[PDB]
Structures are given as structure tokens and as C-alpha cells.
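Participant: What follows is a structure written as C-alpha cells; I'll ask about it next.
Protein chains in written order, with the deposited numbering: chain P, 1 to 113, 133 to 193, 212 to 276; chain N, 17 to 201; chain O, 310 to 377, 413 to 504, 519 to 561, 585 to 693.
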């Protein structure tokens, strides 16, 4: 989510209940502004949290012009001390498949199944972005120059279009993006209305902790993954 | 010895229809052939067991029924005085099997109904034991995979009424490996 | 009867927990309506269990005295699991729905299933084993299990079946609360394997920890330590609040400033498991009657033997 989600508690307004304290919120505002300074990103959205057993990894994601670029991930344990997380590949996706369990706060932790916790952080954040990173329909407009920009004239979805999974897009490489109605399982997405139905909350069931914010009246949107960081393989049993 | 009422020939021992009681206390009602048992009839044991069906030499064969002392019961095909071929067995707690038989044992294809829970095990049987590929039907889940030692073993597979599968693997006793992705078929 | 859920919300906000100030005050007024409508001695915002279509705003309630093969019976009165009546509510303002009693033979021994909530209390629960009840009974099952595993308090605060407020609780420091789990204990009764908190004789004793058991013994899932502890507002540690993250029921939380405490669940209502969810195996397939001599051939006597016996 953008900085507008850190001037007000947009995260906890979704009713998921997990988010940032005002301490972390103000610290994150200053730190993500400094990240946009130090790293010349077009925008610096707060990706979310990986709730560990010792400390939580506060995650930020760099956005280029060129928003479907291979987005650059950053991590921080004490919020402000932001550090450039390495990018993800297919080998590191295959590497962590033998490991299961909750994240440890120290990213130097080792698993004997060695495997670094930093590699787990990189791979799990990549998997969450490829699976359940949400963009509402029409928020991004494929520019004729081979580059994706913000559709800066985007009006929020009509309330008729709110209830359809077709009106929401996977924020990744592929109206250009893939819609959520093919995201198997068919019931894998939960759509609910809060705050007088001026608020659409769309939570991932396959990756619990994701909660996508959207205000239909305006263009205020964003997604945050605040959760344990594992994939709910039990989803078809649970549906 | 016991006693009986029925018909016979001059030389033949018994070949008509009637009732016979034995020294051991059990009784019979029905058909019989020369010094032996043949055709439709009815057993009645002292222990509470029964049978209704056909015989050939002195053995249960063809269509028939059986009531056991413990309350379990069976009908279907018999052979060589043993359960054989297609048949249906009912156990003391309303669970039932229906399927093939081979020498008093579950063998080949057959369906076992878990009447306690409503689920069904459907697939191969080997000597009374749930082994081989089989399809375990729950209310909305349907597990496809191999069984061994009355337990799922091997790769795959679940099918769901929600419109997706879930591939996996069984390694230890009732333990599921790291589950693979969902399929669309 | 109505507690200050807003001060608890302010303390929840220090750890990034809570529904937001406006929604939390909305639930506060809903709890006020619940207290005015019904004769409630004590209540508290138990939590909010997320659902697929609609959520629940769970409210633990304790009423005043005297107003409002083998089947293991339930705790009919306020003993054990059914000590608190649990009211739920989808959005605030919609009237509160009284959830039913927990049944040990049926509802909390159906823990072997693990399912989402649809938001509809009347929606059917299809699982293996077949769940004996609707979504309301499963919601009660998960609430009871979450309470048994997550309702915790500091080491003092009550003297000990039953307990009362400790008047001489000097208070444990927040750093002492965070550094070890021996300073925290379970505030409610453990649920036995049969589903009850107090054993019923079906005709050996299955025993759980006592009430005043430290939660350091509450382990574990593949050596993952339960109750991850941290300090809220680390930049100003001398006004911190001891945060507790269960790691057995995600979304379950415990909090304390060193003097008072409160508990709160905000998860999906499910237990964490490192292993993937195994549906439980069916019962063992039962065998036929053994092929003994008691059900064997009649072996009718031959007429030659009858003639032999007749000659007498």
C-alpha cells in the first residue's frame, strides 16, 4: 500500500485487524520517503509483514515507471533500517520447497532440510506477488510505449463491478493483466463490504494475511500481506 | 442319532423335501439329494446362525443368504462352502460391504460403506485387506490413490466438489506430504 | 458489566492490532446494546472471526445468577466450556445471535476437521467426519478451543475449577512479562480429549493441566515456541506493553501493561499446523465372524448309520 495507507490506518480499516502501530506507521512514513530518496523508485509501497517467531520483517517494494517491472523488494526488522532484498529467481523458488515452518526474526537463520532465511523471504515474497497481488480493473493502463503507468484518470469500480472477481487483476506480467476469476480454487477469494459499503475488502484464502483495500468512490486502493507467510495448501479442504 | 421327516427311494438315502434334525442339535428345512444336500433350503443353527439358499454336493453354492450369531449377515454368491463372487455383507454396526469375494475374504473390486460416517471406500481388495488403488468417497471429498495396510500410501490425489483437485503424497501413518498445486480438471 | 473495550483497543493499536477506532467504538456500542437488552453481569469483546462472505463480532457474556457409541453429555450449567454464553454479530447494529451450547461428544471432538466460516450461522458444515451441527456449532467449537488455548493472564491476578480476583497483586514488570512465559498462565479451563473440561465417567482419567498452569509448558509444533513475546513501542521501552503472539491460534493475542490484562482473537478461527491438513482416516475396516466350527457344515447323518443305530 502507498503512503496514504500510512497517514491513516487503512490496513486495520479493512477489518483484518493486523497492521502497523502508529509508532511503526510514522517511522515507516519517514523511512519509505528516505527509501524513495536513496533508491530512485517512482513509488515505494509498503508490501506488508512476515510475522516471524522472533521478529517481524517489515517489507517494502520499489515501483518503477514501468510498474510491471521486476519490482525491487526491501526488508527491515526495526522498520526504519531498510535494506535492499535480493531479487527472486526460479532456482530459489525450487530451493525452499523442502522447508516448512514459521519464519525466524534473524534472516541469518539456517535450515538443514543449508537454506538461508533471506532466501525464504525472497522466494515467499515473490510467490505472494505472483499469486495474490491485486490491482483493480482499470487502475493500470498499458501505455503505447511498451510501459505500464498508473491510469491516473481511474474512477473507482461501480458497485455492480465490485462484487465480480473479474474486476480485479493480478499485479504481474501477463486491459493487459490476468483476472482473478481463473485463480483456482474458484472460491479462493473472499469479497466483503465494510464501513458503510464505501470499502471493499478482498482477502486471499490461499495466502492468509492478504487484505486488498479499495474505495469505490475514489481511486484509493492497495494490498498488504500481513500474515504468517505460508501457503494454505488446505484451501480446497477448507472451502 | 437325530430325526427327520421326508421322502426317500428304496435304495437312496434321502432325496425329497422336508425337515431334518441332527445329533448336534441343529435343524434343517428344505431340499436335499441322495445322502447329501442340493437345491434351495434353510439352515437353522443352535447358536443362532442361519442360511437360506442353494447347495450342490454338501457346500454352499450360488445365490443365498447367511445370518451369523453376532448379528452380522450376508447375501450374494457362494462357492465351495465359502463366500465367492458378487455379494453384500452387513456388519454389527450397519456398515456394509458390497463387491466381489474370494474364499471368505474381500478380493477384487468392491464398495465398503462407512455407515458410521457415511463415507465409502471403493476399489481393490486383497484377502480381506484394503490394498491397491481405491477411491475413498466422503461427503464432498473423493481421495484417489493407492492404499496399503488399511492406510493411504503413495502419490495423489483428492477431488473436490468445489471444482478442483489437490495432488499430494502419503508417506507415514496417516500423514500427508507437502501438497502440490491445485489442478483444473 | 460493559468493559472499556476502547482502552483495550488503544493498547491493541500499540501492537498493530484492532479493527480501527471507529469500528471498535461501533462494536463498543453494539456491546452496550447487548448489555441493555439482556441481563448480563459481565461481558467483553472476545474477538472477531473472519469469514468468507461475512464476519462475526464475537462477544463473551456471563449472565447474572438466575437469569438467562457412548454419548458424552455437555456441561449444562456454567461449569467448564459452557461458562460463557457467546453472542455474535455480523456488522454492528444487526441484532446479536445467541450461539448454542458446546457438546463434547459432537462439537469440540469434531476438531479433526478444519474449515472456513461462511458468515452464515445456518450454513451447513460439510466435512469428514460429518460435523454434527451447522456453522454456529462449529463457531462455538473453535471459540471454545481458542479460549482454552489462548485466554491467558499474568502469573498473579487470581488465586487458585473456580477463581477470583487477587486483591494483593503487586504487578509483574512488562520486561519480566515479555522475557519469559513463566510469568503468564492460562485464565480458563483446558478442554480434555473427549471435549469436556471436567471428566464424565462413560460407564481411566484423562487429565489436563490445572487452571494456574504457566503457559511455558504450552508446547508445541515441531519445536516452534508458542507465545512469541515482544514489546510494543520499543523506541520508548519504559511505557511498553507486553505483547504475546500465540503461534498456535494465529490472530490470538494476549496483552498486559504489567497490572491489568486482556485477550483478543482476530484470526480465521483455525489452529496453526506446520504439516498440511490430513483428513482423518476412517475407522478400521471390521472383519467378518471367523470361520470357526460354530458356523460350519451341518453334516447330516447317513441312512446307513441310521440303520446301524436302529438295530438295537
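For every residue, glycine included, the Cβ atom is placed at its ideal position computed from N, Cα and C.
Suppose you measure from the CA of residue 76 of chain N to the CA of residue 675 of chain O; what does that come to, to the nearest Å?
Facilitator: Within the second chain, residue 76 of chain N is the residue found at index 60, counting from 1. Within the third chain, residue 675 of chain O is the residue found at index 294, counting from 1. One C-alpha to the other measures close to 16 Å.
Participant: How far does the beta strand (DSSP E) with residue 104 of chain N in it reach, from first residue to last?
Facilitator: Translated into the one-based positions of the second chain, residue 104 of chain N becomes position 88. Residues 98 to 106.
Participant: Can you check which of these residues, P:220, P:145 and P:87, is closest to residue 50 of chain P by C-alpha distance?
Facilitator: Against the first chain, residue 50 of chain P aligns to sequence position 50. Comparing Cα positions, the closest option is P:145.
Participant: Take residue 153 of chain N and list the residues in its own chain whose beta-carbon comes closer than 7 Å to its own, dropping the five residues that flank it on each side.
Facilitator: Here residue 153 of chain N refers to the residue found at position 137 of the second chain. The answer, listed in chain order, is 135, 136 and 138.
Participant: Residues of chain O with CB closer than 9 Å to the CB of residue 30 of chain N, please, in chain order.
Facilitator: Against the second chain, residue 30 of chain N aligns to sequence position 14. Within 9 Å Cβ-Cβ: 681 and 684.
Participant: Which residue marks the beginning of the alpha helix (DSSP H) containing residue 337 of chain O, and which one marks its end?
Facilitator: Stepping through the third chain from its first residue, residue 337 of chain O is reached at position 28. It spans 330 to 346 - the alpha helix (DSSP H) in which residue 337 of chain O sits, taken as one unbroken run.
Participant: Just to check my reading of the structure: residue 427 of chain O and residue 448 of chain O have Cβ atoms closer than 8 Å, yes? What is that Cβ distance to the nearest angstrom?
Facilitator: Against the third chain, residue 427 of chain O aligns to sequence position 83. Against the third chain, residue 448 of chain O aligns to sequence position 104. Not a contact, Cβ separation roughly 14 Å.
Participant: Using only CA atoms, which one of O:552, O:559 and O:560 lies nearest to residue 589 of chain O?
Facilitator: The sequence position of residue 589 of chain O within the third chain is 208, counting from 1. A check of alpha carbon separations from residue 589 of chain O across O:552, O:559 and O:560 identifies O:552 as the nearest.
Participant: I want to see whether chain O comes within less than 9 Å of residue 160 of chain N, judged by CB atoms only; does it?
Facilitator: Taking the first residue of the second chain as 1, we reach residue 160 of chain N at position 144. At a cut-off of 9 Å between beta carbons, residue 160 of chain N makes no contact with chain O.
Participant: Could you compute how far the alpha carbon of residue 91 of chain P sits from the alpha carbon of residue 99 of chain P?
Facilitator: Residue numbering aside, residue 91 of chain P sits at position 91 when the first chain is read from its first letter. Residue numbering aside, residue 99 of chain P sits at position 99 when the first chain is read from its first letter. Their Cα atoms are separated by approximately 14 Å.
Participant: Going by the beta-carbon positions, is the gap between residue 181 of chain P and residue 237 of chain P smaller than 9 Å?
Facilitator: Mapped onto the first chain, residue 181 of chain P falls at position 162. Mapped onto the first chain, residue 237 of chain P falls at position 200. Closer than 9 Å, so yes.
Participant: Since residue 189 of chain P sits in a beta bridge, which residues does DSSP pair it with?
Facilitator: Taking the first residue of the first chain as 1, we reach residue 189 of chain P at position 170. DSSP, once it has assigned bridges, lists P:153 as partnering residue 189 of chain P.
Participant: Take residue 134 of chain P and list the residues in its own chain whose beta-carbon comes closer than 7 Å to its own, dropping the five residues that flank it on each side.
Facilitator: In the first chain, counting from the first residue as 1, residue 134 of chain P sits at position 115. Correct list, in chain order: 95, 96 and 99.
Participant: In whole angstroms, what separates the C-alpha of residue 438 of chain O from that of residue 29 of chain P?
Facilitator: The count along the third chain starts at 1 and reaches residue 438 of chain O at position 94. The count along the first chain starts at 1 and reaches residue 29 of chain P at position 29. Rounded to whole angstroms, residue 438 of chain O to residue 29 of chain P spans 37 Å at the Cα level.
Participant: With H, G and I counted as helix, E and B as strand and the rest as coil, what does DSSP make of residue 481 of chain O?
Facilitator: Taking the first residue of the third chain as 1, we reach residue 481 of chain O at position 137. The answer is helix: DSSP assigns residue 481 of chain O an H, G or I state.
Participant: Would you list, in sequence order, the uninterrupted beta strand (DSSP E) runs of no fewer than 3 residues that lie entirely inside the region 628 to 674 of chain O?
Facilitator: Fully enclosed beta strand (DSSP E) runs of 3 or longer: 633 to 637 and 642 to 646.
Participant: So what's residue 688 of chain O in DSSP terms, helix, strand or just coil?
Facilitator: Locating residue 688 of chain O in the third chain gives position 307, counting from the first residue. When DSSP states are grouped into helix, strand and coil, residue 688 of chain O belongs to the helix group.
Participant: With a Cβ-Cβ cutoff of 9 Å, do residue 530 of chain O and residue 493 of chain O count as a contact?
Facilitator: As a position in the third chain, residue 530 of chain O is number 172, starting the count at 1. As a position in the third chain, residue 493 of chain O is number 149, starting the count at 1. No.
Participant: Are at least three pairs of beta-carbons, each pair with one atom in the region 239 to 247 of chain P and one in the region 28 to 44 of chain N, less than 8 Å apart?
Facilitator: no
Participant: According to a CB-to-CB cut-off of less than 8 Å, which residues of the region 54 to 70 of chain N neighbour chain O?
Facilitator: 59, 61, 63 and 65
Participant: Under the three-state reduction of DSSP, which class applies to residue 80 of chain N: helix, strand or coil?
Facilitator: As a first step, residue 80 of chain N is located in the second chain; it is residue number 64 there, counting from the start. Strand, per DSSP.
Participant: Could you name the residues of chain N that residue 470 of chain O contacts, counting a contact when the two beta carbons are closer than 7 Å?
Facilitator: Walking along the third chain from the start, residue 470 of chain O turns up at place 126. Under the 7 Å cutoff, chain N gives 155 and 156.
Participant: Rounded to whole angstroms, what is the Cα-Cα separation between residue 188 of chain N and residue 165 of chain N?
Facilitator: Walking along the second chain from the start, residue 188 of chain N turns up at place 172. Walking along the second chain from the start, residue 165 of chain N turns up at place 149. Their backbone Cα atoms lie some 11 Å apart in a straight line.
Participant: For the region 117 to 182 of chain N, list the beta strand (DSSP E) runs that are entirely contained and at least 3 residues long, ordered along the chain.
Facilitator: For the region 117 to 182 of chain N, whole beta strand (DSSP E) runs of length 3 or above, ordered along the chain, are 122 to 130, 135 to 141, 148 to 153, 157 to 163, 168 to 171, 174 to 176 and 180 to 182.
Participant: List in chain order: all unbroken beta strand (DSSP E) runs of 3+ residues lying wholly within the region 26 to 76 of chain N.
Facilitator: 33 to 37, 43 to 47, 57 to 60 and 66 to 71
Participant: On the CB-based measure, 16 or more other CB atoms within 10 Å of its CB, does residue 504 of chain O come out buried or exposed?
Facilitator: Residue 504 of chain O sits at position 160 when you count from the first residue of the third chain. Here residue 504 of chain O is exposed: its Cβ has fewer than 16 other Cβ atoms, across all protein chains shown, within 10 Å.
Participant: Taking the alpha-carbon positions, what's the residue 13 of chain P to residue 190 of chain P distance?
Facilitator: For this step, residue 13 of chain P is matched to residue 13 along the first chain. For this step, residue 190 of chain P is matched to residue 171 along the first chain. About 22 Å.
Participant: Looking at the ligand ZN, does it come within less than 8 Å of residue 646 of chain O, judged from the CB to the closest heavy atom?
Facilitator: This structure lacks the ligand ZN, and indeed carries no ligand of any kind.
Participant: Between residue 141 of chain N and residue 120 of chain N, is the Cβ-Cβ spacing less than 9 Å?
Facilitator: Within the second chain, residue 141 of chain N is the residue found at index 125, counting from 1. Within the second chain, residue 120 of chain N is the residue found at index 104, counting from 1. Between residue 141 of chain N and residue 120 of chain N, the C-beta gap is not smaller than 9 Å, which leaves the two residues out of contact.
Participant: Please list the partners that residue 245 of chain P has in chain O, where partner means a Cβ-to-Cβ separation under 7 Å.
Facilitator: Residue mapping note: residue 245 of chain P aligns to position 208 of the first chain, counting from 1. By Cβ distance, chain O contributes 649.
Participant: Quick one: give me the first and last residue of the alpha helix (DSSP H) that residue 24 of chain P is part of.
Facilitator: Along the first chain, one-based indexing puts residue 24 of chain P at 24. 22 to 38 is the span of the alpha helix (DSSP H), which, as asked, contains residue 24 of chain P.
Participant: Do you know how far the Cα of residue 112 of chain N is from the Cα of residue 85 of chain N?
Facilitator: Counted from its first residue, the second chain places residue 85 of chain N at position 69. Counted from its first residue, the second chain places residue 112 of chain N at position 96. Approximately 17 Å, taken between the alpha carbons.
Participant: Taking Cβ positions, are residue 261 of chain P and residue 214 of chain P nearer each other than 9 Å?
Facilitator: If you number the first chain from 1, residue 261 of chain P lands on position 224. If you number the first chain from 1, residue 214 of chain P lands on position 177. No, the Cβ-Cβ distance between residue 261 of chain P and residue 214 of chain P is not below 9 Å.
Participant: According to DSSP, is residue 147 of chain P part of a helix, a strand, or is it coil?
Facilitator: Along the first chain, one-based indexing puts residue 147 of chain P at 128. Helix, per DSSP.
Participant: Residues in its own chain within less than 8 Å of residue 168 of chain N by CB, not counting five upstream and five downstream?
Facilitator: Here residue 168 of chain N is taken as the residue at index 152 of the second chain, counted from 1. The residues are 152, 159, 161, 162, 186 and 190.
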